[PDB]
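Below, each chain spelled out in residue letters.
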Amino acid sequence: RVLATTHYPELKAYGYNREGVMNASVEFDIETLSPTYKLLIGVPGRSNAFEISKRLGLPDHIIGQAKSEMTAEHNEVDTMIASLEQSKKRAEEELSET
Amino acid sequence: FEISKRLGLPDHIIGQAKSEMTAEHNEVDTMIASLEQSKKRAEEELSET
């Protein structure tokens, strides 16, 4: 029985390529810049470095240049996780009203 | 790898790890399939809610 932790964009994908392996993450709230400590089984962890940097005042031209040094696949993955996570947030908020 | 080998890490793990440096992007497409499926489920659950 194995539980492992990583911050590497390789291992973001590790478990989906494997039988009997789960990929998970622990949720972060960028709007408070605080961890929610909530374990998301099945959902892998997006990186938010630029969004945190913007919320801390880093200039948009530096973020725009750094995002141009990234691969096309990197920018898709963290955006897809953000769209999933926002859809989950919407489901949770609309459920709390319900 | 040279440090890990010297500390006693087995040669088959080091051999395999030099291929784990290329065990990439096909994993990410398989991850993306799980991302889109998880998004689709969250939208179905929202529609039910």
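This entry lists cryo-EM as its structure determination method and reports a resolution of 5.14 Å.

Caption draft 1: Just the overall build of chain A, in detail. When you go through chain A residue by residue, the secondary structure sums to three helices and two strands. Secondary structure of chain A in N-to-C order comes out as β-β-α-α-α. Dimensions of chain A, computed from the C-alpha atoms along their principal axes, are close to 45 × 40 × 20 Å. Of the roughly 7,200 Å² of accessible surface on chain A, a fraction of 54% belongs to carbon and sulfur atoms. Mean positive and mean negative side-chain charge positions of chain A (11 and 16 charges, respectively) differ by 3 Å.

Caption draft 2: Molecular detail of the interface of chain B and chain A. Between chain B and chain A, the contact holds 17 residues from the first and 23 residues from the second. Taking both sides of the interface into account, the surface hidden between chain B and chain A amounts to around 1,700 Å²; carbon and sulfur atoms contribute 71%. Contact with chain A buries surface across chain B, with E27(B), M31(B) and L35(B) losing the most and accounting together for 34% of the total. Taken together, the links from chain B to chain A amount to two salt bridges.

Caption draft 3: View of the environment of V77(A). On the secondary structure map, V77(A) appears in helix α3 (residues 72-97). Here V77(A) falls in the buried class, since its relative accessible area comes to 6%. Separated by 30 residues in the primary sequence, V77(A) and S47(A) place their C-alpha atoms 9.3 Å from one another. Residues in contact with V77(A), not counting those within four places in the same chain, are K12(A), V28(B), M31(B), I32(B) and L35(B).

Caption draft 4: Broad picture of the nonpolar core. Membership of the largest hydrophobic core is limited to 12 residues, which are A13(A), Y16(A), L40(A), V43(A), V77(A), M80(A), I81(A), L84(A), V28(B), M31(B), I32(B) and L35(B). Elements with a minimum of two residues in this core: α3 of chain A together with α3 (26-48) of chain B. Setting aside anything within four residues of it in sequence, one finds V28(B) in contact with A13(A) and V77(A).

Caption draft 5: Region of the structure containing a negative patch on the surface. Where like charges cluster on the molecular surface, the negative patch consists of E73(A), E76(A), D29(B) and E36(B). Mapped by element, the contributors of at least two residues to the negative patch are α3 of chain A together with α3 of chain B.

Caption draft 6: Quick peek at the pairing of strand β2 (residues 34-41) of chain A. Residues and elements named next belong to chain A. Judged from the five bridges that link them, strand β1 (residues 24-29) and β2 form a sheet pairing that is antiparallel. Across the sheet, residue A24 finds its bridge partner in β2, namely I41. From the end of β1 to the start of β2, which pair antiparallel, there are four residues, and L33 there has a positive phi angle of about 50 degrees.

Analysis parameters
Residues numbered from 1 in each chain as written, not as in the entry; some residues may be left out. Chains lettered and ligands numbered in written order. Part of a larger assembly, values for the part shown. Heavy atoms only, no water. Helix = DSSP H or I, 4+ residues; strand = E, 2+ residues; numbered from the N terminus. Areas by Shrake-Rupley, 256 points an atom, 1.4 Å probe, with all protein chains shown as cover. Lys, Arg positive; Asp, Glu negative; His and termini not counted. Charge placed at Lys NZ, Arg CZ, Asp CG, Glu CD. Contact = heavy atoms within 4.5 Å. Buried area = accessible area lost by both parts, 1.4 Å probe. Salt bridge = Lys/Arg side-chain N within 4 Å of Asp/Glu carboxyl O. Buried < 20%, exposed > 50% of the residue type's maximum accessible area, 1.4 Å probe, protein only. Core = buried A, V, L, I, M, F, W, Y, C linked by side-chain atoms within 4.5 Å. Patch = residues over 30% accessible without salt bridge, like charges linked within 9 Å, V, L, I, M, F, W, Y side chains within 5 Å. Pairing = 2+ DSSP bridges.

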